[PDB]
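Chemist: One structure coming up, written as structure tokens, with questions to follow.
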Amino acid sequence: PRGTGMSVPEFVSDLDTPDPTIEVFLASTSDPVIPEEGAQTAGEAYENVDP
Amino acid sequence: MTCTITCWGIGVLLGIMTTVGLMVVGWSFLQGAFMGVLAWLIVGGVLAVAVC
Amino acid sequence: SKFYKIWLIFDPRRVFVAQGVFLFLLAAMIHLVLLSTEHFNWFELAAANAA
Amino acid sequence: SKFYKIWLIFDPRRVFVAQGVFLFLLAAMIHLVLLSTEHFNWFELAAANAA
Amino acid sequence: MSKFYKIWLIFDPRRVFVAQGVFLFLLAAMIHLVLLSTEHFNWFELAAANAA
Amino acid sequence: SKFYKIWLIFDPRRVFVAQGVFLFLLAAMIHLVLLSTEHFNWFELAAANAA
Amino acid sequence: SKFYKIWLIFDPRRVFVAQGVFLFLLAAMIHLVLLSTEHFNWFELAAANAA
Amino acid sequence: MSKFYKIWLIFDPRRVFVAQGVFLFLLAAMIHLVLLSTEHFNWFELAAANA
Amino acid sequence: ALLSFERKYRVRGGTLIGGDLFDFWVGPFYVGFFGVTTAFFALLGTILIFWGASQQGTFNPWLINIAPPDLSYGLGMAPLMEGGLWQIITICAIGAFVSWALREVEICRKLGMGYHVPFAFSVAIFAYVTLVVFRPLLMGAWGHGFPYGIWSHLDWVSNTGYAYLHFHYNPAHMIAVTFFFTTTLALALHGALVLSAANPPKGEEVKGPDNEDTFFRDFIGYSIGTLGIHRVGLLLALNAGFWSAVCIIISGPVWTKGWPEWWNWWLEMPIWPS
Amino acid sequence: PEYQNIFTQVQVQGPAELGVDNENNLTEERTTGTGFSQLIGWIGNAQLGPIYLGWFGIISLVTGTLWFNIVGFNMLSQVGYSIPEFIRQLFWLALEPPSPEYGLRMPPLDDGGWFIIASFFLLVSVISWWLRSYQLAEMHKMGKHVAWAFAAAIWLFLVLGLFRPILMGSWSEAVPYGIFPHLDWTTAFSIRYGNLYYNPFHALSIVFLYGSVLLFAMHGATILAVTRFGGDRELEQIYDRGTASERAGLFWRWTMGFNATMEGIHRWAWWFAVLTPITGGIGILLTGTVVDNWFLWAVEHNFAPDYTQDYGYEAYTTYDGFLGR
Amino acid sequence: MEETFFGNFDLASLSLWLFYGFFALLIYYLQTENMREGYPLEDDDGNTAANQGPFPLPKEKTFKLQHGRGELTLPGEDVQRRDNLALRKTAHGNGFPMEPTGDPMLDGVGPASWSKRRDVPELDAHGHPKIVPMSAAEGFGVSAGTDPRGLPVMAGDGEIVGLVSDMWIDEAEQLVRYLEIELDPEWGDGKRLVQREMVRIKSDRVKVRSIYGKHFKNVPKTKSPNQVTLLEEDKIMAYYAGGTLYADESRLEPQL
Ligand SMILES: CCCCCCCCCCCCCCCCCC(=O)OC[C@H](COP(=O)([O-])OCC(O)COP(=O)([O-])OC[C@@H](COC(=O)CCCCCCCCCCCCCCCCC)OC(=O)CCCCCCCCCCCCCCCCC)OC(=O)CCCCCCCCCCCCCCCCC
Ligand code: BCL
Ligand code: BCL
Ligand SMILES: CC[C@H]1c2cc3[nH]c4c(c3C)C(=O)[C@H](C(=O)OC)c4c3nc(cc4[nH]c(cc(n2)[C@@H]1C)c(C(C)=O)c4C)[C@@H](C)[C@@H]3CCC(=O)OC/C=C(\C)CCC[C@H](C)CCC[C@H](C)CCCC(C)C
Ligand SMILES: CC[C@H]1c2cc3[nH]c4c(c3C)C(=O)[C@H](C(=O)OC)c4c3nc(cc4[nH]c(cc(n2)[C@@H]1C)c(C(C)=O)c4C)[C@@H](C)[C@@H]3CCC(=O)OC/C=C(\C)CCC[C@H](C)CCC[C@H](C)CCCC(C)C
Ligand SMILES: COC1=C(OC)C(=O)C(C/C=C(/C)CC/C=C(\C)CC/C=C(/C)CC/C=C(\C)CC/C=C(/C)CC/C=C(\C)CC/C=C(\C)CC/C=C(\C)CC/C=C(\C)CCC=C(C)C)=C(C)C1=O
Ligand SMILES: COC(C)(C)C(=O)/C=C/C(C)=C/C=C/C(C)=C/C=C/C(C)=C/C=C\C=C(C)\C=C\C=C(/C)CC/C=C(\C)CCC=C(C)C
Ligand SMILES: [Fe+3]
């Protein structure tokens with residue numbers, strides 16, 4: 001509520017600076033591949049694959 | 001006064017110089033300021049006692 | 001040519017003390033800001049020049 | 001050549017003390033600068049040279 | 001040009017000289033540092049760019 | 001060869017007290033910074049030698 | 001030699017108390033330093049020796 | 001060697017004895033506290049250790 | 001009315017901008033040009049507080065709460081019932097306080113005494129000014145001022161204090177508090193010194209400055225003197241007001257993080273053998 | 001500008017003033033050595049006076065050092081006698097009170113046993129110092145106002161560490177002997193018992209604490225304003241008032257409608273200072289023992305404000321908007 | 001303890017109301033103790049005012065004055081009242097300032113007004129006069145700061161009136177209380193005292209901005225050159241501060 005000093009002060013420069021690891025994730029992530037009917041699984045393609 | 005005030009002025013100038021001198025070689029402003037403040041107390045007091 | 005009259009209005013002991021502290025602080029400040037720059041840093045240059 | 005007249009302006013005791021502590025502080029400051037750098041810090045160089 | 005000596009009758013020569021003495025240095029130092037602030041007239045980084 | 005007359009301007013009891021404080025403080029400071037580095041820390045070298 | 005002339009400068013009743021507090025403080029500080037190190041902490045060595 | 005009696009010609013017996021009495025008790029209390037801190041030399045706790 | 005000695009000191013003159021137009025006394029109070037503005041600003045601010053209390057729904061002095069606007073309003077004026085009334089009362093409060101200090105200048109100028117009191121009050125004004133108009137500007141919102149309530153402004157101090165994660169570690173708050181405790185300590189000892197000297201046990205002569213001067217010489221080994229205590233005491237109180245202004249002006253616009261984390265410079269130094 | 005009497009423009013030094021003395025014969029226990037300091041003379045008297053070596057003072061000094069040392073060596077033992085770590089953590093180390101699971105019983109030395117020993121010596125030193133103030137006023141044939149004003153500080157001192165823990169059922173309620181730790185205790189004490197803002201006696205003590213600083217800025221400036229009329233000589237103005245007392249009174253009579261006398265000012269000055277720990281001592285004494293939650297005490301007594309606005313940041317802004325994206 | 005009696009009135013409430021009663025008694029005690037000087041109230045005509053306030057005057061307290069100066073009862077018959085004040089009212093009613101009939105500084109009515117103190121010098125613990133010239137001081141000397149002795153005295157308007165001859169020190173508390181001004185024949189005659197709190201000392205000269213050059217010849221004098229009584233001490237200090245408002249019309253007239 002207005003009045004009571006309930007506020008979170010932050011520097012504008014700090015706010016303008018995002019998390020440096022956000023751009024790292026975007027470079028590593030990728031769109032999922034929707035499986036089709038009768039699609040090969042990791043068990044068939046590779047051996048010693050965890051269940 | 002006069003001599004004592006001047007000697008204090010030399011210390012605060014030295015304190016400012018040490019504040020930025022340690023900032024150049026690393027440290028931080030607050031860490032450098034404490035050494036600068038400490039330098040001002042020490043050399044400022046010594047100069048105000050020995051020179052005057 | 002008549003610059004010698006500056007001592008007629010300035011106390012030689014007062015100006016010399018001011019001159020002495022000013023020159024050293026100016027020399028120290030120029031030296032200090034020089035070390036701040038990476039290019040004009042003889043300490044960092046020697047490490048880079050050696051290896 | 002006639003620099004001997006500075007003592008007619010500066011008190012010897014007051015100026016000798018002033019430059020007496022100026023030299024030590026300058027020498028300590030220059031020495032401490034060499035500690036800050038890595039190429040001219042003889043303590044780590046001694047450790048590095050000792051394998 | 002040379003007839004403006006009447007102004008000096010108002011100022012104390014010591015007071016005006018020390019006031020203008022520190023004024024010129026402060027103005028000169030301020031002009032130098034704003035040249036260091038900009039990315040085009042900072043002669044320290046210009047040497048770095050020139051020397052690659 | 002004519003340094004004996006430094007005491008003509010310096011009071012012995014006034015400078016001896018300062019010198020005695022300065023020498024011990026300098027000796028302790030050099031000992032302290034020598035203990036800061038791991039190469040010359042004779043207390044840790046003794047521990048490592050007996051290990 | 002001729003070191004006895006120091007008493008012509010230093011007051012014996014003011015320097016004896018000066019070294020009296022200094023020697024004990026120096027002795028106490030060095031003892032504390034030894035206690036800080038685990039190699040020379042004779043109190044903890046006795047516990048370790050008993051096992 | 002045997003001329004140690006002359007220490008009373010400098011120090012008055014009253015002030016040194018009062019300082020000596022406070023120093024010895026504080027030294028005795030300091031050492032006793034140190035042993036009480038260590039688990040090996042805490043004679044009170046090892047009494048509980050012996051059943 | 002007048003004291004037994006007040007008649008002589010009641011002379012015309014010693015006014016800043018007013019003249020004989022406002023140069024008169026109402027009862028014991030002295031009205032001046034700035035006493036006119038003080039009366040207007042104080043009454044307007046006081047009435048608007050009760051007008052806001054009426055619209056707030058309660059007249060309980062504990063529960064009356066006129067609060068600054070939301071932070072979304074920024075530095076602009078807010079609706080009167082949404083925080084705008086607090087801004088006007090703040091404007092009235094600044095006018096009332098400044099005029100009160102300027103009136104005190106007129107009081108002491110008429111009496112031929114020094115201007116120490118209005119200067120000392122101005123330090124307390126600066127502490128209020130830095131709390132209500134200086135800190136909000138450095139943050140870009142009038143909503144950072146404390147609300148005008150007996151207990152509401154205690155909630156603001158509590159919330160602002162914990163908004164910086166254990167405010168006790170604020171270095172300027174640390175300096176400001178020890179000035180507050182020392183001033184009260186100095187007030188107790190100084191008040192005790194004069195009363196003890198002037199009021200000895202029954203049947204004993206009153207003690208002069210020498211007897212009270214030597215009491216702390218025998219008590220704490222040094223006495224600052226009759227004149228020294230008043231000037232050191234004024235500086236102790238002014239430093240308390242000034243450092244209180246510092247501890248709150250460096251909270252938000254200088255150190256947005258926690259205050260214990262400020263002390264990381266001491267904990268993390270190259271000298272310390274980590 | 002006009003000379004403000006903040007720093008003396010010239011100071012004179014003569015023979016050292018030993019004291020006044022009477023048939024109480026304070027000279028034997030009074031030191032014969034005094035010193036002069038010009039740096040402190042710019043604002044006050046330049047003479048470093050001689051201590052009166054009374055037995056209450058000596059006992060207080062000896063036992064006070066014992067408390068100081070005991071806390072110190074436990075602090076030095078906290079970090080294992082590492083002086084650089086001791087200096088680094090000096091503001092953080094403390095001698096913690098006993099654990100709450102011991103009650104009034106004597107706890108082991110490592111778990112607050114040394115706290116009790118240090119507290120006992122601190123109690124003796126503090127009380128002995130008060131007896132020194134009472135005796136010194138008695139030997140000077142002066143009023144005991146210094147002793148009574150000090151006793152008010154003892155009240156909060158005794159409540160914080162002695163009176164409240166005894167009737168709270170545990171020694172753990174005492175204040176830790178640390179720079180930052182007693183700040184942590186100060187905050188944790190308010191948090192544990194609601195909010196000491198809503199403690200009326202804490203509020204009352206704050207009223208007198210602000211008033212004490214307010215008066216001594218008022219009194220300090222007013223005396224310095226009339227110091228051109230010899231207002232610094234308050235005692236002579238009490239016995240025979242001059243224009244300094246009249247102008248100082250009329251300054252505040254014309255400002256706030258009423259004033260004081262040169263003697264009545266110190267009665268006002270004394271009481272707000274004395275009332276600051278007296279009210280605080282009462283509030284701490286009945287905090288937890290009587291009231292265990294001060295905000296809830298405020299709620300039932302109808303002086304806790306109520307807020308009709310939402311309590312979430314989402315109600316005033318959004319996370320993306322705050323970040324500017 | 002943890003249980004409440006008649007409602008929500010617990011022991012904390014009982015202590016709070018007990019303090020409220022004590023504080024009300026304390027305020028009555030504190031306010032009354034300040035009524036020992038300047039009361040009963042009066043009006044501008046000098047008669048006793050119809051209103052005396054809500055606080056009655058306290059019981060008579062006695063001070064056993066030292067150095068055989070008798071006793072002193074504060075409430076009643078202030079001996080410091082001045083009889084012949086050179087003022088007359090600017091209004092027939094109350095609450096309006098007085099206008100001095102003659103010279104405000106000479107008569108001492110406004111800021112120049114003094115109080116009829118005792119005509120005896122203030123005494124230290126030894127019984128000797130408290131303020132004495134440094135020439136009569138046994139072993140006193142300037143320890144720090146600028147020594148004003150011999151420095152020319154510059155008035156508020158810039159006139160040079162004379163040089164400082166001596167400083168009247170307070171040997172009991174070891175501080176300077178006055179500066180002796182040896183007036184030049186043009187600006188007056190004899191010596192006059194200026195309090196240290198009203199004087200500003202520079203490197204080469206010493207200046208007072210409160211009094212112009214022409215008013216030093218009218219500064220109140222001292223009967224003896226070795227001591228100053230409280231009456232002269234009050235007259236001297238008041239005169240200099242009176243010039244802060246009466247040196248010229250520009251000071252009395254509004255500054256804006
Ligand atoms: C024009 C417009 C200008 C702006 C106006 C708008 C301002 C907005 C704010 C307004 C605030 C109020 C204004 C001030 C009042 C003005 C009155 C006035 O001008 O004429 C005065 C008028 C006399 O006419 P006069 O013009 O002065 O003529 C000269 C006199 O005849 C000759 O008699 P005298 O020589 O003896 O002098 C008279 C003097 C005599 O009075 C005194 O001696 C004062 C001494 C006590 C004051 C010191 C106490 C403060 C210490 C800390 C207080 C805070 C903590 C208290 C609570 C916690 C602890 C309980 O009276 C005064 O001068 C009044 C001064 C101000 C009084 C204190 C101000 C309030 C303080 C508390 C704050 C409350 C919040 C504000 C009020 C809310 C408004 C909405 O009547 C009075 O004297 C008032 C009576 C005094 C009050 C009673 C105090 C005695 C205490 C004992 C009883 C307490 C009972 C409570 C406890 C219950 C026990 C169970
Ligand atoms: C959780 C809370 C945090 C905390 C958070 C804060 C915050 C937040 C603040 C302080 C501030 C202060 N804190 Mg802190 N502080 C804490 C704990 C403490 C403790 C303690 C023992 O624990 C103490 C002693 C203090 C002490 C203080 C002082 C340094 C200061 C109080 C304001 C002041 O100086 O006046 C300053 C105010 C003024 C002088 C008011 C001026 C008054 C005007 C000019 C006149 C008023 C006239 C008015 C109209 C009345 C007239 C009406 C009648 C007619 C008479 N804090 C706790 C831990 N502290 C406050 C501060 O510094 O403010 C600058 C501040 O904002
Ligand atoms: C989050 C923190 C809590 C808080 C928790 C507490 C607690 C807990 C207490 C206070 C108390 C006080 N608080 Mg609070 N308080 C807070 C917020 C505030 C704020 C603010 C602006 O926010 C302020 C101004 C205050 C103000 C105050 C003072 C009114 C009061 C202490 C007076 C005092 O000094 O007693 C003077 C007495 C002492 C300080 C001890 C006396 C010391 C002895 C006599 C001297 C011994 C000397 C010693 C041996 C060392 C000697 C060494 C010498 C060098 C030789 N609090 C918030 C709510 N507050 C106290 C109280 O309640 O009073 C009722 C208290 O106990
Ligand atoms: C500032 C440095 C310290 C100090 C000094 C000081 N204060 C002073 C003086 C001095 C030297 C005066 O000369 C002056 C005076 O005359 O006091 C009697 C004064 C004064 N300081 C006062 C109070 C005060 N001082 C405080 C503290 C301090 N005093 C500081 C520690 C505090 C605190 C922090 O608690 C308070 C509350 C007054 C008694 C007085 C100022 C009188 C004045 O301003 O009168 C004119 C105004 C009115 C009569 C009413 C105005 C009303 C407004 C228009 C509306 C309301 C505004 C307000 C912000 C609302 C508050 C709501 C809630 C938060 C309660
Ligand atoms: C009315 C309430 C206010 C108040 C008043 C007050 N305090 C008082 C008095 C009064 C009237 C005194 O007369 C008394 C005094 O003498 O003051 C100068 C005092 C006092 N209040 C003090 C402090 C104090 N007051 C405080 C506050 C307050 N007290 C309130 C604001 C505070 C707070 C809450 O912050 C503190 C911390 C002291 C300055 C003093 C009490 C001292 C005293 O007489 O006994 C205490 C103990 C000692 C003197 C012994 C200490 C031990 C050593 C001197 C320290 C270590 C020395 C050295 C490092 C030894 C090393 C040995 C090794 C090398 C072996
Ligand atoms: C040794 O030296 C000294 C003294 O002793 C010579 C002293 O004493 C003092 C003073 C200190 C004391 C302790 C004395 C006693 C005082 C106190 C206990 C109070 C100080 C302590 C506090 C903790 C503060 C408490 C605050 C109080 C008591 C309130 C006082 C402050 C106020 C702002 C309220 C009073 C102001 C009012 C009512 C308004 C002012 C009036 C005007 C400006 C007049 C304007 C009028 C007009 C324009 C005309 C319109 C007229 C109207 C409407 C008619 C209405 C009439 C009215 C009267 C209102 C000091 C410092 C001192 O060192
Ligand atoms: C070179 O130095 C060496 C030598 C190393 C050294 O020592 C350095 C010492 C160093 C660094 C220690 C520095 C100490 C520090 C920072 C501590 C600050 C202290 C603080 C903040 C105190 C807060 C709390 C005070 C209260 C509130 C007490 C309450 C006391 C109560 C009232 C006592 C009541 C009595 C008892 C419980 C006993 C009951 C038993 C019996 C009666 C039998
Ligand atoms: Fe005072």
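Simple scheme: letters A, B, ... for chains in structure tokens order, numbers from 1 for residues in each chain, numbers from 1 for ligands in the order shown.
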So which residues touch residue 110 in chain K within 9 Å, counting only C-alpha atoms, skipping near sequence neighbours fewer than 6 positions away, as a PyMOL selection string?

Modeler: (chain I and resi 8-12+110-112) or (chain K and resi 98-100+104+242+245-246)

Chemist: Please superimpose chain C on chain G using every C-alpha atom, paired by order, in a least-squares fit, and write the moved chain as a tab-separated table (two decimals) with N, CA and C atoms, in the first residue's frame.

Modeler:
```
chain	number	residue	atom	x	y	z
C	1	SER	N	80.39	0.78	22.12
C	1	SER	CA	81.06	0.96	23.39
C	1	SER	C	80.47	2.14	24.16
C	2	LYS	N	80.12	3.20	23.44
C	2	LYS	CA	79.51	4.38	24.02
C	2	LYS	C	77.99	4.31	24.05
C	3	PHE	N	77.42	3.10	24.04
C	3	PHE	CA	75.97	2.94	24.04
C	3	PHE	C	75.33	3.46	25.32
C	4	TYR	N	76.11	3.65	26.39
C	4	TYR	CA	75.58	4.13	27.66
C	4	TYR	C	75.05	5.56	27.57
C	5	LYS	N	75.37	6.29	26.50
C	5	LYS	CA	74.87	7.65	26.34
C	5	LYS	C	73.40	7.70	25.97
C	6	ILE	N	72.77	6.56	25.68
C	6	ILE	CA	71.35	6.55	25.34
C	6	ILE	C	70.52	7.03	26.52
C	7	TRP	N	70.99	6.79	27.75
C	7	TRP	CA	70.27	7.26	28.93
C	7	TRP	C	70.43	8.75	29.16
C	8	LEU	N	71.39	9.39	28.49
C	8	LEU	CA	71.54	10.84	28.60
C	8	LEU	C	70.40	11.58	27.91
C	9	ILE	N	69.68	10.92	27.01
C	9	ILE	CA	68.58	11.55	26.28
C	9	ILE	C	67.24	10.89	26.54
C	10	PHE	N	67.21	9.72	27.19
C	10	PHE	CA	65.97	9.02	27.49
C	10	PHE	C	65.76	8.98	29.00
C	11	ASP	N	64.55	9.28	29.42
C	11	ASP	CA	64.20	9.18	30.84
C	11	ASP	C	64.15	7.72	31.23
C	12	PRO	N	64.94	7.27	32.21
C	12	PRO	CA	64.95	5.84	32.55
C	12	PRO	C	63.59	5.29	32.96
C	13	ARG	N	62.79	6.08	33.69
C	13	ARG	CA	61.48	5.59	34.11
C	13	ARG	C	60.50	5.56	32.95
C	14	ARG	N	60.64	6.47	31.98
C	14	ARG	CA	59.73	6.49	30.84
C	14	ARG	C	60.03	5.35	29.88
C	15	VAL	N	61.31	5.10	29.59
C	15	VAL	CA	61.66	4.04	28.65
C	15	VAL	C	61.39	2.67	29.25
C	16	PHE	N	61.66	2.50	30.55
C	16	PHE	CA	61.48	1.20	31.18
C	16	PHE	C	60.02	0.77	31.16
C	17	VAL	N	59.11	1.71	31.43
C	17	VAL	CA	57.68	1.41	31.33
C	17	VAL	C	57.32	1.04	29.90
C	18	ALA	N	57.83	1.80	28.93
C	18	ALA	CA	57.61	1.46	27.53
C	18	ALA	C	58.26	0.12	27.18
C	19	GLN	N	59.46	-0.13	27.70
C	19	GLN	CA	60.12	-1.41	27.44
C	19	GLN	C	59.35	-2.57	28.06
C	20	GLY	N	58.83	-2.38	29.28
C	20	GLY	CA	58.11	-3.46	29.94
C	20	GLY	C	56.84	-3.84	29.21
C	21	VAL	N	56.05	-2.85	28.80
C	21	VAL	CA	54.81	-3.14	28.09
C	21	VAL	C	55.10	-3.70	26.71
C	22	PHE	N	56.14	-3.20	26.04
C	22	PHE	CA	56.46	-3.69	24.70
C	22	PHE	C	56.88	-5.15	24.73
C	23	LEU	N	57.73	-5.53	25.68
C	23	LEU	CA	58.22	-6.90	25.73
C	23	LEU	C	57.09	-7.89	26.01
C	24	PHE	N	56.20	-7.56	26.95
C	24	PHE	CA	55.10	-8.46	27.26
C	24	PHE	C	54.13	-8.57	26.09
C	25	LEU	N	53.78	-7.44	25.47
C	25	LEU	CA	52.89	-7.48	24.31
C	25	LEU	C	53.54	-8.22	23.15
C	26	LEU	N	54.84	-8.02	22.94
C	26	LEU	CA	55.55	-8.79	21.92
C	26	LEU	C	55.55	-10.28	22.26
C	27	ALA	N	55.82	-10.62	23.52
C	27	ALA	CA	55.81	-12.02	23.92
C	27	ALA	C	54.41	-12.62	23.81
C	28	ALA	N	53.39	-11.87	24.23
C	28	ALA	CA	52.02	-12.35	24.11
C	28	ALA	C	51.61	-12.50	22.65
C	29	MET	N	51.98	-11.54	21.81
C	29	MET	CA	51.61	-11.61	20.40
C	29	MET	C	52.28	-12.80	19.71
C	30	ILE	N	53.56	-13.03	19.99
C	30	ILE	CA	54.25	-14.19	19.42
C	30	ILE	C	53.62	-15.48	19.92
C	31	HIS	N	53.30	-15.54	21.21
C	31	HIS	CA	52.62	-16.71	21.75
C	31	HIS	C	51.25	-16.89	21.12
C	32	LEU	N	50.52	-15.79	20.92
C	32	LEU	CA	49.16	-15.87	20.39
C	32	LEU	C	49.17	-16.35	18.94
C	33	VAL	N	50.01	-15.75	18.09
C	33	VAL	CA	50.06	-16.17	16.70
C	33	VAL	C	50.58	-17.59	16.58
C	34	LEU	N	51.38	-18.04	17.56
C	34	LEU	CA	51.83	-19.42	17.57
C	34	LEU	C	50.66	-20.37	17.80
C	35	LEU	N	49.75	-20.01	18.71
C	35	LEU	CA	48.57	-20.83	18.96
C	35	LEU	C	47.64	-20.86	17.76
C	36	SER	N	47.63	-19.80	16.95
C	36	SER	CA	46.79	-19.78	15.76
C	36	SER	C	47.20	-20.87	14.78
C	37	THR	N	48.51	-21.08	14.61
C	37	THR	CA	48.99	-22.15	13.75
C	37	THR	C	48.68	-23.51	14.37
C	38	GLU	N	48.27	-24.45	13.52
C	38	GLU	CA	47.97	-25.79	14.01
C	38	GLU	C	49.23	-26.56	14.38
C	39	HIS	N	50.33	-26.32	13.66
C	39	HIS	CA	51.55	-27.09	13.88
C	39	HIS	C	52.20	-26.73	15.22
C	40	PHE	N	52.35	-25.44	15.49
C	40	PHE	CA	53.00	-24.98	16.72
C	40	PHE	C	51.96	-24.64	17.79
C	41	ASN	N	51.14	-25.63	18.13
C	41	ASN	CA	50.11	-25.48	19.16
C	41	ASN	C	50.28	-26.62	20.16
C	42	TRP	N	50.89	-26.31	21.31
C	42	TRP	CA	51.16	-27.35	22.30
C	42	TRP	C	49.88	-27.87	22.95
C	43	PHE	N	48.83	-27.04	23.00
C	43	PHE	CA	47.56	-27.51	23.54
C	43	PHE	C	46.92	-28.55	22.63
C	44	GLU	N	46.86	-28.27	21.33
C	44	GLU	CA	46.29	-29.23	20.39
C	44	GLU	C	47.21	-30.43	20.19
C	45	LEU	N	48.53	-30.22	20.27
C	45	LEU	CA	49.46	-31.33	20.12
C	45	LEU	C	49.27	-32.37	21.22
C	46	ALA	N	49.10	-31.92	22.46
C	46	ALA	CA	48.95	-32.85	23.58
C	46	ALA	C	47.71	-33.71	23.41
C	47	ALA	N	46.60	-33.11	22.96
C	47	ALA	CA	45.40	-33.90	22.68
C	47	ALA	C	45.65	-34.90	21.57
C	48	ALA	N	46.33	-34.48	20.50
C	48	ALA	CA	46.64	-35.40	19.41
C	48	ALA	C	47.67	-36.45	19.85
C	49	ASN	N	48.68	-36.03	20.61
C	49	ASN	CA	49.69	-36.98	21.07
C	49	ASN	C	49.10	-38.03	22.00
C	50	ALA	N	48.21	-37.61	22.91
C	50	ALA	CA	47.57	-38.56	23.81
C	50	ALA	C	46.69	-39.54	23.05
C	51	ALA	N	45.94	-39.05	22.07
C	51	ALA	CA	45.06	-39.90	21.28
C	51	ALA	C	44.89	-39.36	19.87
```

Chemist: What residues in chain H lie within 10 Å of chain J, counting only C-alpha atoms, written as a ChimeraX atom specification?

Modeler: /H:22,26,29-30,33-34,36-38,45

Chemist: Quick one: pull the distance between CA of residue 25 in chain K and CA of residue 196 in chain I, Å, one decimal.

Modeler: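 Taking CA of residue 25 in chain K as the start and CA of residue 196 in chain I as the end point, the length is 21.8 Å.
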
Chemist: I want to know what sits within 9 Å of range 169-177 of chain K, based on only C-alpha atoms, with residues of the same chain fewer than 5 positions away left out; could you give that as an mmCIF file with C-alpha atoms, in the first residue's frame?

Modeler:
```cif
data_model
loop_
_atom_site.group_PDB
_atom_site.id
_atom_site.type_symbol
_atom_site.label_atom_id
_atom_site.label_comp_id
_atom_site.auth_asym_id
_atom_site.auth_seq_id
_atom_site.Cartn_x
_atom_site.Cartn_y
_atom_site.Cartn_z
ATOM 1 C CA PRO I 209 31.604 26.959 38.077
ATOM 2 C CA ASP I 210 34.889 25.895 39.690
ATOM 3 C CA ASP I 213 34.376 22.129 36.613
ATOM 4 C CA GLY I 225 33.963 23.607 30.657
ATOM 5 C CA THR I 226 30.797 25.654 30.928
ATOM 6 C CA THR J 8 37.548 29.937 20.124
ATOM 7 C CA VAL J 10 42.357 32.536 20.781
ATOM 8 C CA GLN J 11 43.023 30.431 23.877
ATOM 9 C CA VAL J 12 45.248 31.066 26.889
ATOM 10 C CA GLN J 13 46.892 28.496 29.150
ATOM 11 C CA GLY J 14 48.108 29.106 32.682
ATOM 12 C CA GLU J 17 43.823 23.874 38.021
ATOM 13 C CA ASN J 45 38.811 23.259 28.147
ATOM 14 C CA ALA J 46 42.343 22.376 27.086
ATOM 15 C CA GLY J 230 27.980 35.794 29.204
ATOM 16 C CA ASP K 124 35.967 32.205 41.681
ATOM 17 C CA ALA K 125 36.254 29.470 44.314
ATOM 18 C CA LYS K 130 36.847 35.784 38.238
ATOM 19 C CA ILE K 131 37.799 37.970 35.248
ATOM 20 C CA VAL K 132 41.143 39.789 35.384
ATOM 21 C CA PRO K 133 43.487 41.307 32.812
ATOM 22 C CA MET K 134 46.192 38.936 31.626
ATOM 23 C CA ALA K 137 47.491 36.964 35.688
ATOM 24 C CA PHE K 140 49.001 32.885 31.824
ATOM 25 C CA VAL K 194 34.705 44.175 24.114
ATOM 26 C CA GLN K 195 33.627 40.614 24.836
ATOM 27 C CA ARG K 196 35.444 37.867 22.953
ATOM 28 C CA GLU K 197 32.146 36.409 21.717
#
```

Chemist: Report as a PyMOL selection string which protein, DNA and RNA residues come within 7 Å of ligand 8, using only C-alpha atoms and all ligand atoms.

Modeler: (chain I and resi 190-191+230) or (chain J and resi 219-220+223+234+266)
